[PDB]
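data23.pdb (PDB, C-alpha atoms and all ligand atoms) appears below.
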```pdb
MODEL        1
ATOM      1  CA  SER O   5      79.260  99.342 107.293
ATOM      2  CA  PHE O   6      82.851  99.175 108.663
ATOM      3  CA  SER O   7      83.940  95.713 109.793
ATOM      4  CA  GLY O   8      86.989  94.112 111.398
ATOM      5  CA  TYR O   9      88.169  97.260 113.238
ATOM      6  CA  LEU O  10      89.833  97.266 116.658
ATOM      7  CA  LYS O  11      88.435  99.900 119.056
ATOM      8  CA  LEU O  12      91.076 102.318 120.435
ATOM      9  CA  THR O  13      88.795 104.943 122.084
ATOM     10  CA  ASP O  14      85.087 105.928 122.190
ATOM     11  CA  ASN O  15      85.394 107.379 118.645
ATOM     12  CA  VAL O  16      88.636 106.012 117.030
ATOM     13  CA  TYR O  17      88.879 102.573 115.328
ATOM     14  CA  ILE O  18      91.793 100.963 113.470
ATOM     15  CA  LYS O  19      92.375  98.170 110.911
ATOM     16  CA  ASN O  20      95.330  96.773 108.894
ATOM     17  CA  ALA O  21      93.943  97.481 105.448
ATOM     18  CA  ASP O  22      94.621  99.079 102.090
ATOM     19  CA  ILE O  23      92.466 102.255 102.234
ATOM     20  CA  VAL O  24      91.737 101.969  98.466
ATOM     21  CA  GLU O  25      90.319  98.447  98.873
ATOM     22  CA  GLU O  26      88.473  99.493 102.043
ATOM     23  CA  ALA O  27      86.894 102.492 100.271
ATOM     24  CA  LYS O  28      85.826 100.352  97.281
ATOM     25  CA  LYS O  29      84.155  97.841  99.590
ATOM     26  CA  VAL O  30      82.465 100.181 102.095
ATOM     27  CA  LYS O  31      81.799 103.266  99.804
ATOM     28  CA  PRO O  32      81.886 105.543 102.918
ATOM     29  CA  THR O  33      80.333 109.007 102.966
ATOM     30  CA  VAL O  34      83.867 110.486 103.380
ATOM     31  CA  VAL O  35      87.294 109.118 102.515
ATOM     32  CA  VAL O  36      90.284 111.265 103.627
ATOM     33  CA  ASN O  37      93.172 111.861 101.242
ATOM     34  CA  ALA O  38      96.652 112.699 102.593
ATOM     35  CA  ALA O  39      97.069 115.600 100.175
ATOM     36  CA  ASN O  40      99.742 118.263  99.474
ATOM     37  CA  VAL O  41      98.848 121.968  99.045
ATOM     38  CA  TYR O  42      98.873 121.666  95.246
ATOM     39  CA  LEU O  43      96.588 118.596  95.199
ATOM     40  CA  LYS O  44      99.265 116.844  93.087
ATOM     41  CA  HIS O  45      98.403 113.182  93.782
ATOM     42  CA  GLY O  46     101.627 111.512  92.571
ATOM     43  CA  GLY O  47     102.524 109.059  95.242
ATOM     44  CA  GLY O  48     101.706 107.803  98.706
ATOM     45  CA  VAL O  49      98.057 107.388  99.639
ATOM     46  CA  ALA O  50      97.119 110.290  97.287
ATOM     47  CA  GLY O  51      98.704 108.546  94.291
ATOM     48  CA  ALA O  52      96.958 105.267  95.210
ATOM     49  CA  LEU O  53      93.493 106.901  95.637
ATOM     50  CA  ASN O  54      93.892 108.866  92.413
ATOM     51  CA  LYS O  55      94.949 105.770  90.429
ATOM     52  CA  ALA O  56      91.807 103.957  91.694
ATOM     53  CA  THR O  57      89.689 106.826  90.227
ATOM     54  CA  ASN O  58      91.379 106.418  86.805
ATOM     55  CA  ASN O  59      92.871 109.969  87.283
ATOM     56  CA  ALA O  60      89.410 111.603  87.672
ATOM     57  CA  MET O  61      90.507 112.835  91.159
ATOM     58  CA  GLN O  62      93.523 114.617  89.611
ATOM     59  CA  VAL O  63      91.408 116.223  86.821
ATOM     60  CA  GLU O  64      88.942 117.568  89.392
ATOM     61  CA  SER O  65      91.805 118.699  91.666
ATOM     62  CA  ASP O  66      93.584 120.640  88.897
ATOM     63  CA  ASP O  67      90.344 122.544  88.160
ATOM     64  CA  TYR O  68      89.971 123.295  91.917
ATOM     65  CA  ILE O  69      93.550 124.666  92.148
ATOM     66  CA  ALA O  70      93.170 126.719  88.937
ATOM     67  CA  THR O  71      90.145 128.446  90.519
ATOM     68  CA  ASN O  72      91.169 128.694  94.181
ATOM     69  CA  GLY O  73      94.938 128.456  94.452
ATOM     70  CA  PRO O  74      96.756 126.131  96.832
ATOM     71  CA  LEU O  75      95.522 124.929 100.190
ATOM     72  CA  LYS O  76      97.280 125.896 103.428
ATOM     73  CA  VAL O  77      99.372 123.296 105.348
ATOM     74  CA  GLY O  78      96.869 122.188 108.021
ATOM     75  CA  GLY O  79      93.909 122.937 105.725
ATOM     76  CA  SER O  80      91.467 120.934 103.666
ATOM     77  CA  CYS O  81      88.872 120.944 100.915
ATOM     78  CA  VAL O  82      85.878 118.704 100.121
ATOM     79  CA  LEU O  83      85.771 117.289  96.576
ATOM     80  CA  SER O  84      84.017 114.307  94.953
ATOM     81  CA  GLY O  85      84.794 110.777  96.195
ATOM     82  CA  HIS O  86      84.357 109.458  92.604
ATOM     83  CA  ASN O  87      84.066 105.615  92.688
ATOM     84  CA  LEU O  88      85.480 105.411  96.248
ATOM     85  CA  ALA O  89      83.140 107.451  98.460
ATOM     86  CA  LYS O  90      80.440 110.148  98.279
ATOM     87  CA  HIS O  91      83.111 112.806  99.123
ATOM     88  CA  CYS O  92      86.867 113.013  99.446
ATOM     89  CA  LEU O  93      88.185 115.256 102.216
ATOM     90  CA  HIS O  94      91.658 116.329 100.997
ATOM     91  CA  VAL O  95      93.672 117.162 104.142
ATOM     92  CA  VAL O  96      97.210 118.617 104.190
ATOM     93  CA  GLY O  97      99.319 117.425 107.085
ATOM     94  CA  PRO O  98     102.831 118.912 107.498
ATOM     95  CA  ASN O  99     105.520 117.115 105.434
ATOM     96  CA  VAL O 100     108.569 116.762 107.755
ATOM     97  CA  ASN O 101     110.675 115.651 104.695
ATOM     98  CA  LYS O 102     109.998 119.114 103.127
ATOM     99  CA  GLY O 103     110.830 120.822 106.506
ATOM    100  CA  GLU O 104     107.271 121.714 107.552
ATOM    101  CA  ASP O 105     106.178 122.361 111.157
ATOM    102  CA  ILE O 106     104.926 119.166 112.921
ATOM    103  CA  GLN O 107     102.830 121.404 115.233
ATOM    104  CA  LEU O 108     100.416 121.863 112.251
ATOM    105  CA  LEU O 109      99.378 118.187 112.528
ATOM    106  CA  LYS O 110      96.732 119.034 115.183
ATOM    107  CA  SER O 111      95.227 121.733 112.853
ATOM    108  CA  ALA O 112      95.137 119.137 110.035
ATOM    109  CA  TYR O 113      93.205 116.618 112.193
ATOM    110  CA  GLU O 114      90.715 119.349 113.289
ATOM    111  CA  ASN O 115      89.295 119.237 109.723
ATOM    112  CA  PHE O 116      87.934 115.753 110.526
ATOM    113  CA  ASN O 117      85.549 117.267 113.139
ATOM    114  CA  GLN O 118      83.414 118.746 110.333
ATOM    115  CA  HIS O 119      82.256 115.198 109.320
ATOM    116  CA  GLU O 120      80.342 112.713 111.478
ATOM    117  CA  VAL O 121      82.180 109.642 110.210
ATOM    118  CA  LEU O 122      85.311 109.204 108.072
ATOM    119  CA  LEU O 123      87.544 106.486 106.583
ATOM    120  CA  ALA O 124      91.127 107.873 106.895
ATOM    121  CA  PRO O 125      94.848 107.220 106.800
ATOM    122  CA  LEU O 126      97.242 108.535 109.514
ATOM    123  CA  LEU O 127      98.194 112.075 108.535
ATOM    124  CA  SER O 128     101.810 113.083 107.934
ATOM    125  CA  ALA O 129     102.824 109.364 108.184
ATOM    126  CA  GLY O 130     104.568 107.365 105.369
ATOM    127  CA  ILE O 131     106.378 109.572 102.868
ATOM    128  CA  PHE O 132     105.359 112.716 104.803
ATOM    129  CA  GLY O 133     108.033 111.755 107.380
ATOM    130  CA  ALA O 134     106.314 112.057 110.779
ATOM    131  CA  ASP O 135     106.341 109.309 113.416
ATOM    132  CA  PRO O 136     103.075 107.358 112.932
ATOM    133  CA  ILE O 137     102.861 106.725 116.722
ATOM    134  CA  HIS O 138     102.781 110.518 117.202
ATOM    135  CA  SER O 139     100.221 110.933 114.379
ATOM    136  CA  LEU O 140      97.882 108.372 116.062
ATOM    137  CA  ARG O 141      98.282 110.176 119.434
ATOM    138  CA  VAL O 142      97.348 113.559 117.851
ATOM    139  CA  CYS O 143      94.397 111.912 116.024
ATOM    140  CA  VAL O 144      92.916 110.435 119.237
ATOM    141  CA  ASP O 145      93.484 113.682 121.176
ATOM    142  CA  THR O 146      91.959 115.959 118.468
ATOM    143  CA  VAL O 147      89.241 114.158 116.525
ATOM    144  CA  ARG O 148      85.825 113.895 118.276
ATOM    145  CA  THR O 149      83.840 112.449 115.337
ATOM    146  CA  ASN O 150      83.936 108.746 114.326
ATOM    147  CA  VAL O 151      87.165 107.919 112.548
ATOM    148  CA  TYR O 152      88.022 104.542 110.973
ATOM    149  CA  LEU O 153      91.797 104.396 110.425
ATOM    150  CA  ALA O 154      93.251 102.158 107.722
ATOM    151  CA  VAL O 155      96.960 101.304 108.189
ATOM    152  CA  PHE O 156      98.490  99.656 105.110
ATOM    153  CA  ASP O 157     101.670  98.264 106.696
ATOM    154  CA  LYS O 158     101.064  95.110 108.857
ATOM    155  CA  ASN O 159     104.176  95.525 110.973
ATOM    156  CA  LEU O 160     103.358  99.190 111.641
ATOM    157  CA  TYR O 161      99.739  98.295 112.507
ATOM    158  CA  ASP O 162     100.948  95.780 115.147
ATOM    159  CA  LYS O 163     103.351  98.373 116.603
ATOM    160  CA  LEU O 164     100.623 101.100 116.715
ATOM    161  CA  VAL O 165      98.141  98.854 118.562
ATOM    162  CA  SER O 166     100.690  97.383 121.002
ATOM    163  CA  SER O 167     102.151 100.776 121.964
ATOM    164  CA  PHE O 168      98.826 102.692 122.195
TER     165      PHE O 168
HETATM  166  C1  LIG K   1     100.771 104.860 108.667
HETATM  167  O1  LIG K   1     101.852 104.595 107.769
HETATM  168  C2  LIG K   1     101.493 104.297 106.420
HETATM  169  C3  LIG K   1     100.599 103.061 106.450
HETATM  170  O2  LIG K   1     101.118 101.982 106.642
HETATM  171  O3  LIG K   1      99.314 103.218 106.347
HETATM  172  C4  LIG K   1     102.746 104.146 105.574
HETATM  173  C5  LIG K   1     102.255 104.384 104.152
HETATM  174  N1  LIG K   1     101.034 105.197 104.328
HETATM  175  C6  LIG K   1     100.183 105.498 103.321
HETATM  176  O4  LIG K   1      99.137 106.113 103.508
HETATM  177  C7  LIG K   1     100.484 104.985 101.935
HETATM  178  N2  LIG K   1     101.689 105.292 101.412
HETATM  179  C8  LIG K   1     101.964 104.807 100.199
HETATM  180  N3  LIG K   1     101.206 104.040  99.417
HETATM  181  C9  LIG K   1     100.008 103.769  99.956
HETATM  182  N4  LIG K   1      99.008 103.046  99.375
HETATM  183  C10 LIG K   1      97.945 103.014 100.246
HETATM  184  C11 LIG K   1      98.242 103.705 101.376
HETATM  185  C12 LIG K   1      99.564 104.205 101.213
HETATM  186  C13 LIG K   1     100.833 105.509 105.743
ENDMDL
END
```

Please go through the file and, once you have read it, give me the structure as structure tokens.
Ligand SMILES: CO[C@]1(C(=O)O)CCN(C(=O)c2ncnc3[nH]ccc23)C1
Amino acid sequence: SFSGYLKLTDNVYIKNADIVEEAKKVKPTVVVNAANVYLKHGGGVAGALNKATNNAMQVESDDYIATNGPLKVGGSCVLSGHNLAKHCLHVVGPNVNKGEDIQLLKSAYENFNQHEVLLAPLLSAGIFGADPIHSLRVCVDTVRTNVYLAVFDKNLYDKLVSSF
């Protein structure tokens, strides 16, 4: 089970951890990937998760896109979790650095409500350009299922907890 998490609300927990190492240790039912609409896992959390799967996540993702076309910003798909989890929920938050609408962040977090418990990063944070404090606020105000947030950056983790 999940261990070492601080409790923020009735259903949201948080830890300063590398989500790849956390997924390998816990092997959760669902790990969330911070995806783009093309499922091109080059960098950020997506690049790190994909590298941990030895590129099997990218091979599966390219077959999914060839069949179905791109996801919508705010949308998601369920694929295999490979060696990290039973399933991977690929969720597309808006990328502010690409000029996407931050209002779609709530729609992105609504995908989490389809799963009873998830290991997840903060959506639209990091290289997606949104304020992580805002992303945590939208997460707590949207997700009703049990979410275990992994924040890689120690200094950001301390700021998120102290300003919550
Ligand atoms: C909330 O801000 C971030 C964090 O500290 O968790 C900043 C970075 N973020 C990531 O998900 C991330 N970005 C690049 N490489 C990574 N390797 C593993 C995770 C990851 C989100």

With all atoms listed in the file as the counted atoms, please give the residues lying no more than 10 Å from region 87-95 of chain O, apart from itself and same-chain residues fewer than 3 positions off, as an MDAnalysis selection string. chainID O and resid 23:41 43 50 53:54 56:58 60:61 65 75:84 98 111:116 119 122:124 127:128

The distance between CA of residue 120 (chain O) and CA of residue 143 (chain O) is 14.8 Å

Using only C-alpha atoms and all ligand atoms, the best pick from O:12, O:165, O:121, O:49 as closest to ligand LIG 1 (chain K) would be O:49

Problem set entry | Close residues to ligand LIG 1 (chain K) using all atoms listed in the file, limit 7 Å, as a list in words |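 If we count all atoms listed in the file, the neighbours of ligand LIG 1 (chain K) turn out to be residues 22, 23, 24, 47, 48, 49, 52, 125, 126, 129, 130, 131, 136, 154, 155, 156, 157 and 160 of chain O.
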
Between CA of residue 151 (chain O) and CA of residue 5 (chain O), what distance in Å does the model show, to one decimal?
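Computing the Euclidean distance for CA of residue 151 (chain O) and CA of residue 5 (chain O) yields 12.8 Å.
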
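Distance annotation: of O:117, O:44, O:100, O:74, the residue with the minimal separation from residue 62 (chain O) is O:44; atom set is only C-alpha atoms.
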
Margin query: Considering all atoms listed in the file, can you say which of O:10, O:63, O:164, O:153 comes closest to residue 137 (chain O)?
Written below: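 The shortest atom-to-atom distance to residue 137 (chain O) comes from O:164.
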